[PDB]
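What follows is each chain in one-letter form.
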Amino acid sequence: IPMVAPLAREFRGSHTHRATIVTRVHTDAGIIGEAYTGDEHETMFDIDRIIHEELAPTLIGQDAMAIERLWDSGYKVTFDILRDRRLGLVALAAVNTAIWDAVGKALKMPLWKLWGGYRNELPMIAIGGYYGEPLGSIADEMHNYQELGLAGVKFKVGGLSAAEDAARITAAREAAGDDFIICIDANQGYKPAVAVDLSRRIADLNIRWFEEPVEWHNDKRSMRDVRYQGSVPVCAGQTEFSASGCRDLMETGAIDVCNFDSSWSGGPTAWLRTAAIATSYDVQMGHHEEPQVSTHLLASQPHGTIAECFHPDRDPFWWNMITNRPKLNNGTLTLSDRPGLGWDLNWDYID
Amino acid sequence: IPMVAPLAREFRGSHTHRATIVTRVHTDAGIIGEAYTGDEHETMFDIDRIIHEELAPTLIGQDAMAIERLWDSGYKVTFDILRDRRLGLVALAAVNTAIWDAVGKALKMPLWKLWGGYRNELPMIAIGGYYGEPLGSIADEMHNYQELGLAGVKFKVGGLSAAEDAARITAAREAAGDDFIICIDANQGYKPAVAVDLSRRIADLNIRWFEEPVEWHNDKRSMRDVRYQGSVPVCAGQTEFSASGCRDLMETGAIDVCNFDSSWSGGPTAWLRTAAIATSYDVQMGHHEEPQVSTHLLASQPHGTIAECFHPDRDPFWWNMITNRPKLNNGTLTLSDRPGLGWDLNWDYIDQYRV
Amino acid sequence: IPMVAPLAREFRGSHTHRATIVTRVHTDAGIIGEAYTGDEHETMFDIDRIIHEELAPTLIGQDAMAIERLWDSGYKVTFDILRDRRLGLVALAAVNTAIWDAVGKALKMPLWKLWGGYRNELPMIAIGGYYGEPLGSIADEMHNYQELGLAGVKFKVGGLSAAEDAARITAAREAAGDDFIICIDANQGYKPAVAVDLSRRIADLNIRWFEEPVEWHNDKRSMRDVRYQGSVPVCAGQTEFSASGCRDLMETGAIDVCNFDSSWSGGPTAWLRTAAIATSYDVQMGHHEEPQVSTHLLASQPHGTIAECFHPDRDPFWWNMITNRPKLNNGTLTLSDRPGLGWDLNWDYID
Amino acid sequence: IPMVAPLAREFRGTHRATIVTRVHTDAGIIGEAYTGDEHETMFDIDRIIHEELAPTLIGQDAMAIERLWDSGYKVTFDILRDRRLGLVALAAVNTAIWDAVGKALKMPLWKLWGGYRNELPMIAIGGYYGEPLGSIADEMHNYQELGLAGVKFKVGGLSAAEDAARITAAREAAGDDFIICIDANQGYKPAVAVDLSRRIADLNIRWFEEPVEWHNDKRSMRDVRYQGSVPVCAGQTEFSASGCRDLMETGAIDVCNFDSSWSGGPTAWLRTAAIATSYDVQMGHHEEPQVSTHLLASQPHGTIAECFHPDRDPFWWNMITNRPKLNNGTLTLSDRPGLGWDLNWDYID
Amino acid sequence: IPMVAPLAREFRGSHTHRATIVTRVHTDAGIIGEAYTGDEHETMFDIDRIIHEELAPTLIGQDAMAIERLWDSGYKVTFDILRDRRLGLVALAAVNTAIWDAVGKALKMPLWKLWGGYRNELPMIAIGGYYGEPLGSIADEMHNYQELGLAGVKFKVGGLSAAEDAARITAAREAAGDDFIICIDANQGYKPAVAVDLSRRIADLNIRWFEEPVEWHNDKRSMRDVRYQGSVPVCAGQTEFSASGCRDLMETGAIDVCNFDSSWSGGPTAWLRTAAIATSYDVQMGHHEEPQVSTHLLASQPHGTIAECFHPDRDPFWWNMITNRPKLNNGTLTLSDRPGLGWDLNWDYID
């Protein structure tokens, strides 16, 4: 199926702001592959430019079925020495996502199955527990996510001290009950000793995992210590650039869960390689937000964990962009059989 | 001490069965080295062929005293790339053990001493806790073991959820009291996360060690993690083919104790290499089953731990094969000064099950 | 700022004994660099011989300002194949510390500031808890240290069973109360299993760190395990000959704190290098004894920890050698703004 | 010396862009320096310098380097932007502070940072594809004229065969006594890089900089190091001392060219240097000669300073009016305090 | 067989000098285990002292047949944290070797065979090529070693540039011809770059191995590099304190041959463990000098290489202390069936 044209529409919404780039790739057949990815702002147009003048050229007229070849060719945009490597990886991820959506449709295959079809449903939690209580107190916020029918939450920490953040984590546990998944994300905020201290303080609250517990410079070796001296499993990966970066994390013994973001690292083709390596290390797979694509990627794997999304006011793109978004049935989301990503977009909202 | 002949006597005995080969190395002096090794059944005869057709040629007429020269030549049988590598290892181990017995007798030295002589006594446990209670309830099984003089038990697990298995281990601990050693064996049965769950659940039960907790493909690194995220020491090495494999285990930080099985990996010569490696990594040595050889090996090393055997039902050989077997006295077994393995084989028994 | 002469003044003092070599480096200016370092009794004269016959010829006439150059040529004394490598390392440190004291003075800069200037105040613990109770019972001793203004103690262990030594530590904790710092020092006396056992027992006594828990031959890896299987952080680095040796310790994941001794392996120049290597591994810096120098080294670093000393009956030097010794204030110490090491040696004592 | 103010003067000469950072003190001392070559993000890094860094410095003791550097380090914690922005803003401030404390102490940085030596060879970065500076032979001779010690020849863009030919040419034109480092800019496939390395084993190449693709450089360039014939150099792409420790721990490099203006300033660069000594790796430095000359000179394992042709980099040549004269490709630093450079305010405006 | 008395006889012979300790372990049987170990001169009486006051107490009345037990008990002497660890290792080694000779005699087994019996025949080379040419010119020296029947020489280097040393090595190869083994030893004298350069320079002279090429501090990694960037095998280990240290050199991929010295690190019991570690690493075994002991250690091992001795003028102890050295034939030495080390010491030379 030759490709005829890749177009891209730019978004922006407030709540400070949410942006994304809808990418579509029309083919010589009647199929149009589409997916929106990346929530990037200040660099949204340098990325859109990379897609039209750098990636577009090596795609137009190519067989959309030979993904390895196309991906191999577009992977050169990550070689530019003068710009932030992410601009090339996010652009590449955008085209790789839209293409994959096209191939699935052309094979009449939902992406969760084309990628392995381990299962068509998984739990989904919400990223909350933001400092400042912009969503109310931990009690109200936690109960709101339950009413929404979510499986659990990715509670934010890393801003206060072990003791203080330990209270907040405890408040959540008590408000939601034991029948709620609770993960904690530090965003690389703690120094190794603080994170260990915290890890031990909540050893009894049943925390799913401690996401990016320590500072950035030596996170591999440091979260490894937090992992072996702490009481809760460690998760990371979103900050890596490629599969090689997630492998190094795994080799260092720093993680239990890898949350490599495909929208940030070159698309599903890159994420599926990380996925395969995770099996050889017995490491579970996760995915930093991006529900529109994580659900399929995760579900498709025997080691996939949970899917993540934000509160409707934190992220409008997932609650409005999709009109056929499955109903949360007791925390778990079941993917349909609709080929590709199988999503129905909302063009009135798009504009 | 020239090599005149190798006699092989394999035999099966049902309890579903117990098999082994008895190897005998005759010498031009009066001496006759012998020992029974391994528990191969379906491949037993392939191993027999490797022994007489591949190993005997390099032994007959050679100086049994130059064990390294002999081991070096025979090691090549493990090079065949079209067969299971274990066949060559079990063959090499069988003959190697026999020779050591011969040299022990020629030197009028009991192996536990000729190999080191750290001590001549050590505790022994029984491998039990089988699912299905084939030996009675957990309680009855431990009591039977204590009354038999055993030091403790290597309890089976790896077949249920962390909750279930933890409950089963409690019973065992609860039924035997504190003066009893308790190790657990999952046989590579759990997924890392589950192994860790269990490990922490039995943290206050004084569990000697968690043997082979995780699945086979990534066992080294995964059990490494069960070792640092869990609460109990970890043991492995039995599934390794050689000393190198064990070294990787120790270099990975996977084990606290290595249970390299000599009968399965080239005999005492290779085991002692592994045990030497173990000392540089401060890893304690253990040995999976084979009490007729492990007692000497483990007793000779400064870092040796405990020997293992089964219930007479599970394994009839240890109890019926040896005649001058020492009486278990309150968990420990002390070796005599009898040269070599110093064992007295019961040929009425052997003759009864020869094949 | 050239060299005019190196003066050495050896002396012993009995309580087995306390020995040390005072070194003075004279400049063409009116400045004299001086410092006492070590505690090498029997090999004392051997060291002074190295200082005079091997190092002096590479310093006289040279510029003291070029620390890196003088160091690089002096390090040759560590190459001798026929003697303990410590001999050459101690001699190089003896002159290296004095030289630093000289440029410190010639720059009107107190060493803690010249070497980084992170802070100018830090806690100090006493190294006691000796088997045989040479300073009374554990209760009397901890109190004796509290009355002196010390922040805590580094308790000696490594000689008895985990249970016994665990009771000993509980005694010190129970006597001092919670507002006291407690570290334990095994001096490479335990087997890993015993160390991990002990570590779990004292888990509720809030131990700052477990210094050199295991036997020497496989210490790196063995203590890494006591770190991941145990409950308290591990410290080591004094037994190491160089920055590289401390790096291995760090690369193995063996330590939480590196206590590399400036005086035992080259001097401040080597110590500072190890400190930089530690920042890269999120490892904190400590320093085995040598308060007359450790205070300046540790105070300058952002990851610096605690300074250490001995009871006056154990080490008369730190307590009698310095006439302007800083005052302990509820466990803390503060350095003046005086150039170099800023110390006033009591010559009424050096005799 | 307390901070009284930090002034930022950025300018532009396909382009050259830098920020001249100046740190005013309570005394009459002003720590100044220009650092890095950011053009697109220039104004964002300038903003980080005044809105995020300035507050942590005004009224502080410039002497306590560790303390100041330690609080300004958080500019690198922002998860929503290139990490390089804070890193660059931090280097700018840290570099200007060093010159200040250097001037306050009457010490030239090359000596204050160690003072191993005051002289070192300097090579130029050239041999650009397209021959913008003329044929290889003429560009080599041109650098010979200028008295440079050698060149850092660009490669990584053609076949092992072609680049080897280009590199040979250079050897042919320059002679034997001329340093020749090659630079791929992470452009080769491991296999191709070994091929090139082997082919040039007799041209006496000083080192091979960033030979293989970025994604797995550590392990990959390490293989080039062991399967090839010439020493490998990398580090400029690392964000920190830790990244550099990794290249070293992996056995990837022979020389580390960590870039000071790019990763936090001299305070960070000197940490990577301490580390390197423990691995016996030599220290190099990606361009920025106005700062690298002192850093490298001060270390016992220092190697070479780098600069560009007057056509490619006007700043070094036009801004500092008292650049040392080259002698057989070697450069001697003066005893002037701090960095000792005298900017050209005419050119600045 | 019980031990009744450990007798030591200090040895001092001028050439600077050769010193050694002749240790004799007496038993209630006829047997007397005897041997002379290492070369310590000034620390000599310290070592001798450690033997009588620290080790003899743990041997008298004991069973010499229980080596592991005895060795494990003697090891504690290497625990003294206040003195060069070598003193205890050398004392431990003296006692251990003497005991092995006793058990070999009690078992009527020659050690080479009791330790393995791989072979009773191995080649021997001489340590030579000393700077200053005190043993004549290179050619003269090579021809000397050949007329003596030696199989080769261990040529000294590490003092000059790669070029000049490459020529010294060239002179030797050219004076000895190809029928000669040529190993080189830098005694940790070069910098990595210079050693690689020298290694690449001599790639055609057929050099058996490059011994301790680089400086001490980071020798493990730095020699791995010499090994992979150079052209000749690398040998080291004699500078290591234990088998763990040799295990580290192996895990780092630094050597091809391990020349761990028994008389310097705890004796045969220790060296045999290192030998076993070495087979799991496909690394060959060597032995820094001590031919009176190494001949048996190396021959017993299937991966043993070459025994080393000195020129009669560099060391008279191997040529005069052993009244019954087998004669060199075609550069190889052949061991007899005499129990233990099977040597007849020259008591004339001893008194």
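This entry lists X-ray crystallography as its structure determination method and reports a resolution of 2.50 Å.

This part takes up helix 7 (residues 190-199) of chain D. Residue and element names in this part refer to chain D. When we look at burial in helix 7, the residues that qualify are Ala193, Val194, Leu196 and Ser197. When helix 7 is viewed along its axis, its buried side chains cluster within an angular range of 165° and face the same direction. Among the exposed residues of helix 7, those pointing more than 90 degrees away from its buried face are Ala191 and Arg198. On the buried face of helix 7, the contacting elements are helix 6 (160-174), strand 6 (179-183), strand 7 (208-209) and helix 8 (217-227).

Turning our attention to the environment of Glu164 of chain A. In this structure, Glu164 of chain A sits in helix 6 (residues 162-176). Sequence separation between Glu164 of chain A and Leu198 of chain A is 34 residues; the distance between their C-alpha atoms is 9.3 Å.

Next up on the list: the arrangement of the chains. Separated throughout, chain B and chain D approach each other most closely at a C-alpha pair spaced 17 Å apart. Here chain A and chain E are not in contact; the least distance found between their C-alpha atoms is 17 Å.

When the parts come together, some accessible area is lost, and that loss is often what is quoted as the size of the interface. All names here are of chain A. Domain assignment breaks chain A into domain 1 (1-108 + 347-351) and domain 2 (110-346). Measuring from the centre of the C-alpha atoms in domain 1 to the corresponding centre in domain 2 gives 25 Å. Taken over both partners, the interface formed by domain 1 and domain 2 buries close to 3,100 Å², and the fraction arising from carbon and sulfur atoms is 61%. Summed over the three residues of domain 1 that lose the most area to domain 2, namely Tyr36, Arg86 and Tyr349, the buried surface amounts to 27% of that side. The salt bridge involving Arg273 is made with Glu68; its shortest N-O contact spans 2.9 Å. One can count 17 residue pairs in polar contact joining domain 1 with domain 2. Those elements that place two or more of their residues in the side of domain 1 that touches domain 2 are strand 5 (32-37), helix 2 (67-74), helix 3 (85-107) and helix 13 (347-350). Considering each element in turn, the side of domain 1 that touches domain 2 owes the most residues, 14 residues, to helix 3. When grouped by side-chain class, the residues that make up the side of domain 1 that touches domain 2 number 17 nonpolar, seven polar and 11 charged.

Facing 10 residues of chain B, the contacting portion of chain A comprises 11 residues. The largest per-residue losses of area from chain B upon contact with chain A belong to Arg221, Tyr228 and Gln229 of chain B, which jointly make up 43% of the total buried on that side. Between chain B and chain A we count two salt bridges in total. Note that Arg227 of chain A and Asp225 of chain B form a salt bridge whose closest N and O atoms lie 3.2 Å from each other.

Taken together, the contact between chain E and chain B spans 26 residues of the former and 26 residues of the latter. Note on chain E versus chain B: buried area summed over both sides is about 2,300 Å², and carbon and sulfur give 59% of it. In this assembly, chain E and chain B are joined by two salt bridges. As a salt-bridge pair, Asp63 of chain B and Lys113 of chain E come within 2.7 Å of each other at their nearest N and O atoms. At the level of secondary structure, the elements contributing two or more residues to the side of chain E that touches chain B comprise helix 2 (67-74), helix 9 (243-251) and helix 10 (268-279) of chain E. Residue composition of the side of chain E that touches chain B, grouped by class: 11 nonpolar, six polar and nine charged.

Residues and elements named next belong to chain D. Residue placement: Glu288 occurs in the loop between strand 10 (282-283) and helix 11 (289-298). Buried within the structure, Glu288 lacks any salt-bridge partner; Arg16 is the closest side chain of opposite charge, at an N-O distance of 4.1 Å. A polar side-chain atom of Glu288 sits 2.7 Å from a polar atom in the side chain of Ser261. At 2.9 Å, the side chain of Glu288 and the side chain of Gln290 are in polar contact. Excluding its chain neighbours within four sequence positions, the residues that come into contact with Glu288 are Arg16, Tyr34, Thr35, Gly36, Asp37, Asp259 and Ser261.

Calculation notes
- Residues numbered from 1 in each chain as written, not as in the entry; some residues may be left out.
- Chains lettered and ligands numbered in written order.
- Part of a larger assembly, values for the part shown.
- Heavy atoms only, no water.
- Buried < 20%, exposed > 50% of the residue type's maximum accessible area, 1.4 Å probe, protein only.
- Helix = DSSP H or I, 4+ residues; strand = E, 2+ residues; numbered from the N terminus.
- Arc of directions from axis to C-beta.
- Contact = heavy atoms within 4.5 Å.
- Domains from an automatic or database assignment.
- Buried area = accessible area lost by both parts, 1.4 Å probe.
- Salt bridge = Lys/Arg side-chain N within 4 Å of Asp/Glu carboxyl O.
- Polar contact = N/O pair within 3.5 Å; in protein donor to acceptor, adjacent residues only side chain to side chain.
- Nonpolar A, V, L, I, M, F, W, Y, C, P; charged D, E, K, R; others polar.
- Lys, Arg positive; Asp, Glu negative; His and termini not counted.

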